[PDB]
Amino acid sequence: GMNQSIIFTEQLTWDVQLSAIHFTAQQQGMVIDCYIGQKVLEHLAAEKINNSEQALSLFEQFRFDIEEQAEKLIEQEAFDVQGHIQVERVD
């Protein structure tokens, strides 16, 4: 229905602590850290990841599907115990 003004701000990095692509959303000035783990992205792409350049390229290939899912999770209040959004399934 309405415009919740959740913006994906495209700060795309690899997080070695989590083995995940870290991407950013923002709503009314507040940043929401979002993550898609290596294995999730490998399954989605049907490709194993062996270079961070490749990881970022795969995120970009599926950016709008991934961000769609993160947006839904945010709307559904599916935040984790650190206030983050973990994308566990796409498509």
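Throughout, we count residues from 1 along the sequence that is shown.
> Tell me which of 63 to 71 and 14 to 22 has the higher mean C-alpha B-factor in the deposited entry.
According to the PDB entry, the answer is 14 to 22.
> How does residue 28 rank on Cα B-factor within its chain, lowest, middle or highest third?
It belongs to the highest third of the chain when residues are ordered by C-alpha B-factor.
> What third of its chain, lowest, middle or highest, does the C-alpha temperature factor of residue 7 fall into?
Lowest third - that is where residue 7 ends up once the chain's C-alpha B-factors are sorted.
> Taking only the Cα B-factors deposited for this chain, tell me whether residue 45 sits in the lowest, middle or highest third.
Answer is lowest: the recorded C-alpha B-factor places it there.
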